[PDB]
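Observations on the three-dimensional arrangement
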Amino acid sequence: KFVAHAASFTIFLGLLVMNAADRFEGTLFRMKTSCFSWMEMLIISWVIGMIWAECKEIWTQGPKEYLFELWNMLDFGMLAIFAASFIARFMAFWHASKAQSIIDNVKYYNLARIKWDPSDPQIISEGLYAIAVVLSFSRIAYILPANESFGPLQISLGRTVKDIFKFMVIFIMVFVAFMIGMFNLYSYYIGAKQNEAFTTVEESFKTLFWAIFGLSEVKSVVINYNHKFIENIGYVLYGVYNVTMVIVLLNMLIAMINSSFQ
Amino acid sequence: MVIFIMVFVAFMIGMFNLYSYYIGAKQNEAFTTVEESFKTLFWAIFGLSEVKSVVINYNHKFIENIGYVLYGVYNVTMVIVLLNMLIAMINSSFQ
Ligand SMILES: CC(C)CCC[C@@H](C)[C@H]1CC[C@H]2[C@@H]3CC=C4C[C@@H](OC(=O)CCC(=O)O)CC[C@]4(C)[C@H]3CC[C@]12C
Ligand SMILES: CC(C)CCC[C@@H](C)[C@H]1CC[C@H]2[C@@H]3CC=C4C[C@@H](OC(=O)CCC(=O)O)CC[C@]4(C)[C@H]3CC[C@]12C
Ligand SMILES: CC(C)CCC[C@@H](C)[C@H]1CC[C@H]2[C@@H]3CC=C4C[C@@H](OC(=O)CCC(=O)O)CC[C@]4(C)[C@H]3CC[C@]12C
Ligand SMILES: CC(C)CCC[C@@H](C)[C@H]1CC[C@H]2[C@@H]3CC=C4C[C@@H](OC(=O)CCC(=O)O)CC[C@]4(C)[C@H]3CC[C@]12C
Ligand SMILES: CC(C)CCC[C@@H](C)[C@H]1CC[C@H]2[C@@H]3CC=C4C[C@@H](OC(=O)CCC(=O)O)CC[C@]4(C)[C@H]3CC[C@]12C
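Here's the deal with the overall build of chain B
- Helix and strand counts for chain B come out as three helices and zero strands.
- Ordered by position from N to C terminus, the α and β elements of chain B give α-α-α.
- Along the longest, intermediate and shortest principal axes, the C-alpha atoms of chain B span 55 × 20 × 20 Å.
- Buried residues in chain B amount to 54% of all 95 residues.
- Taking all contacts inside chain B whose residues are at least 6 apart in sequence as the whole, residues at least 24 apart take part in 57%.
- Roughly 4300 Å² of accessible area belongs to chain B as shown, and the carbon and sulfur atoms make up 68% of that amount.

Next up, the structure:
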């Protein structure tokens, strides 16, 4: 049974890889794009089987017992997104089906990708399907514990994640502190800055998050105007943010080393 | 490296599926092909991959925001996996 279910999982991973095999090396009009290929048909069948397997699991285990395990929520989420992607794809298929059946209203579905609506179901389908594929690769956690060399690594990895989640409370508090502070400083200079950063709350969150991995430049503090007082305030707050973050990350690293030895 | 490979391949296929259609739309070729997606994610380990590899020129901000989340989740997952490797290797030296 373990080999049969592990072999089924490896086929589903193989289908996901080979689904985009046409564009591995490189890449009405919307009628062609909407249709499902034979690879897509198998993937839909696998997802339906996974949903039914989850339904039987929730039926016998009970809603309370099933919901208590947090990893089952992750496995339920990836199947919901996979169903979400395919229904959005079908909506784009049916809308193009009406347009082709007619042959103005039909004008939209002849357009190329550059002119698509931002909320096109085709766009939503591809965005969700990318998330589902990433999440579907996380079902290896049901097969890794069997192996005697990979099982200990998963157990050790789970302990690391739980410890990091403990320190995320302090990390969040410092993150939100500077995110609001930096946003209040640069909200007025929306068009003055060299690059949009700390201008909006979403943009301030994005800049400070990527600053953790050193992927945010220092020029996000610079302003084009002559107001060097506010720019110097930004340099201090951004500099204090990095010092505080490396201190918090250093404290987390040392405390996790202790936890391993204790 | 077994766990590291599994996480690497997970995002490599996921990011490629997201950005395969916007081959010419993106500011720089990254996550466009499987080879290009592998190259971008590998160099992201050493902080040598920019964040603008997620940005698209088109108005489709839904897919761009999906790319920001997946790329951000990838870095968090990688630093977690690298942190777990570092701590476990320190233990192995002392044991
Ligand atoms: C806690 C988990 C386990 C619940 C189940 C998974 C959800 C997180 C999934 C299931 C259905 C998904 C939704 C299905 C369809 C949509 C509509 C879609 O609408 C838009 O495109 C927003 C408009 C725009 O594009 O700007 C936004 C994503 C969303 C909410 C998806 C977000 C993720 C959802 C809620
Ligand atoms: C365990 C499983 C069975 C639960 C899965 C729940 C989904 C099947 C439901 C929940 C929310 C629904 C979604 C709510 C919003 C949308 C957005 C919609 O796209 C649009 O926003 C329309 C835009 C336009 O018409 O211009 C496509 C259908 C979809 C994904 C719906 C498809 C069906 C969804 C994903
Ligand atoms: C195909 C690409 C995109 C992903 C690369 C890894 C995958 C092929 C996945 C899918 C199936 C998985 C395999 C399914 C079968 C097995 C055998 C299994 O054997 C055991 O350790 C059990 C030993 C015992 O039975 O006592 C270990 C996990 C493993 C290697 C799994 C490892 C991860 C695999 C190879
Ligand atoms: C006791 C501590 C923990 C709380 C109080 C902190 C202050 C002592 C420090 C922290 C940040 C410092 C400020 C950061 C940078 C500036 C900008 C500076 O203005 C300029 O750079 C001049 C610009 C120009 O020349 O055009 C005036 C001092 C001030 C407010 C500093 C004054 C002293 C401050 C408020
Ligand atoms: C239970 C967990 C482990 C699995 C389910 C994960 C979801 C709860 C999260 C993960 C990534 C999230 C998505 C990442 C970012 C977006 C893009 C967002 O679309 C926009 O950014 C709007 C763009 C615009 O305004 O034009 C819609 C919500 C959504 C799908 C998020 C919905 C909630 C998601 C699916």
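Topic: the site of ligand 3
All names here are of chain A.
- Around ligand 3, the neighbouring residues are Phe2, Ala6, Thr10, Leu13, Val17, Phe137, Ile143, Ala146 and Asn147.
- The protein chains hide 52% of the 720 Å² of surface that ligand 3 would expose on its own.
- Partitioned by chemical class, the residues of the shell around ligand 3 number seven nonpolar, two polar and no charged.

Description of the environment of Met50 of chain A
Residues and elements named next belong to chain A.
- Note on placement: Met50 falls in helix α3 (residues 38-61).
- The buried category is assigned to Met50, whose relative accessible area is 11%.
- On a C-alpha basis, the gap between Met50 and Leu79 in space is 7.3 Å, while along the polypeptide they are 29 residues apart.

Looking at unusual backbone geometry
- Phi is positive for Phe198 of chain A, close to 65°, though the residue is something other than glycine.
- A positive phi angle, close to 65°, is found at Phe31 of chain B, a residue other than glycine.
- Relative to the assigned elements, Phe31 of chain B resides in the loop between α1 (2-19) and α2 (34-45).
- Under the relative-accessibility criterion, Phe31 of chain B is labelled buried at 0%.

Considering the pattern of salt bridges
All names here are of chain A.
- If you walk through the whole model with that rule in mind, you get 10 salt bridges over all chains.
- With a shortest N-O distance of 3.9 Å, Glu217 and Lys219 are connected by a salt bridge.
- Its relative accessible area of 46% is what places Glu217 among the partly exposed residues.
- With a relative accessible area of 32%, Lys219 lands in the partly exposed category.
- Of the charged contacts, one joins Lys228 and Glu231 as a salt bridge, the two residues approaching to 2.8 Å between their closest N and O atoms. Taken together, the positions of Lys228 and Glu231, both in helix α9 (residues 228-261) and three residues apart, correspond to about one turn of that helix.
- For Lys228, a relative accessible area of 39% puts it in the partly exposed group.

What counts as what
- Residues numbered from 1 in each chain as written, not as in the entry; some residues may be left out.
- Chains lettered and ligands numbered in written order.
- Part of a larger assembly, values for the part shown.
- Heavy atoms only, no water.
- Helix = DSSP H or I, 4+ residues; strand = E, 2+ residues; numbered from the N terminus.
- Buried < 20%, exposed > 50% of the residue type's maximum accessible area, 1.4 Å probe, protein only.
- Contact = heavy atoms within 4.5 Å.
- Areas by Shrake-Rupley, 256 points an atom, 1.4 Å probe, with all protein chains shown as cover.
- Near = heavy atom within 4 Å.
- Nonpolar A, V, L, I, M, F, W, Y, C, P; charged D, E, K, R; others polar.
- Salt bridge = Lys/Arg side-chain N within 4 Å of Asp/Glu carboxyl O.

Purely spatial values, then, with no claim about function.
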